[PDB]
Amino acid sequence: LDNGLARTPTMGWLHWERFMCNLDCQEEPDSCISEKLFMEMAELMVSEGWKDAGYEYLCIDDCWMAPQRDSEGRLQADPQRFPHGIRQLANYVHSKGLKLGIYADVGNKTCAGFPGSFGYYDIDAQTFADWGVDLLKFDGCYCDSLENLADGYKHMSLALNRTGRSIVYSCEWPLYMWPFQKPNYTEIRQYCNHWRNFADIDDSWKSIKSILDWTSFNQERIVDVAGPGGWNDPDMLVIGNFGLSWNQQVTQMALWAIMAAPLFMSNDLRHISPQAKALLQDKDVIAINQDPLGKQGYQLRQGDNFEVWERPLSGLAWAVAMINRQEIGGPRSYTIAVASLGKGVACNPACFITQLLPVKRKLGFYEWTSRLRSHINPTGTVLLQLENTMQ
């Protein structure tokens, strides 16, 4: 979408995976979907270093709404959980130097069953712009027709544009289309800043694997459409939660960087391990994800329970990720000729290789005829940066 936004993948925090649709503020006041939750995360996003690392958008997902629209046909924030209203929340978030994201649905209802925006696109766009909203995530539930789905996503894009306010537009259009027909990514890119392709992530290695496998399976269709202003969205980072081992967490961070993915954390920033925090704030890995060239990476090789992915970067550099998919035994060595990397130009005549995950280490100079050898933990990933040089 040519709105001048998302020139690099959008970074922020989104409540959905970790907090879901918890409406139980009586029994669980600190975890329920309410203004206090977002106020606290906004505070922590600044004080704990997330904003300085690039995480800018504090985003509200489903279940923020009152059961019904007001008498003027507007969406309302729930009066018990958001008593001060979204406008005051937006102002609070902006006073911290952050941006506010919000959620709506293209159909009759949101996925959790709250009011949908079908027949209200202009009213809702204008309501969000009035409030000071900076990003909309637009879900695809309760839409009976693929025509209405496509038309709704296009209409809201235009409606947001007409407000005059710059609003990142995050779509789930291809995801709700894929079962029934092939998405047209040239069309989607014109209307959306980023788009969900695949099923909801959860806090599991199985889920990370299936997203990587579906991305690599469909990479011919989706890799080349991504670029400044329009990104593939493989869903939230679940690092810092409960279901991923340390190696599995390194794998998600590494591959979301290779894939030029929006980086939306969904975790409890009040309760995050030093390790997960250091991984998520890793300046070098974030720089890869945010590389200004904006060319999405891809799977190069697959075999022997190993995967090799690579991404072209600016300044003639490349990122290489090698995943160990064997879920038994110990570290396994993988050896690859550097001449097979970066379409033969990454280390021609030479290159400097620096390892970034799971630890930072300079590996030295590699000639075009050299072989690269790494040990990789089961379900772990080694991420390298190849810096091309004529020495």
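Residue numbers run from 1 along the displayed sequence. By rigid core we mean the largest C-alpha set that fits within 1.5 Å across both forms.
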So which moves more in 6 other deposited structures of this protein by CA, 24-32 or 325-333, given a superposition on the core? 24-32
Just give me the stretch that moves more in 6 other deposited structures of this protein: 3-11 or 382-390, judged by RMS C-alpha distance after a core fit. 382-390
Per the entry, higher mean C-alpha B factor between 43-51 and 360-368: 360-368
Check the entry's C-alpha temperature factors for 5-13 and 379-387, then say which stretch has the higher mean. 379-387
C-alpha B-factor winner, where the candidates are 59, 336, 322, 33: 336
By the CA temperature factor listed in this entry, which of these ranks top: 304, 134, 200, 105? 304
Select lowest, middle or highest to describe the third in which the CA B-factor of residue 110 falls within its chain in this entry. middle
Taking the values exactly as deposited, rank residue 310 by C-alpha B-factor within its chain and report the matching third: lowest, middle or highest. middle
Would you mind ranking residue 119 by its C-alpha B-factor against the rest of the chain and naming the third, lowest, middle or highest? highest
Ranked by Cα temperature factor within the chain, is residue 71 in the lowest third, the middle third or the highest third? highest
For residue 181, return the chain-relative third of its C-alpha B-factor as stated in the PDB record: lowest, middle or highest. highest
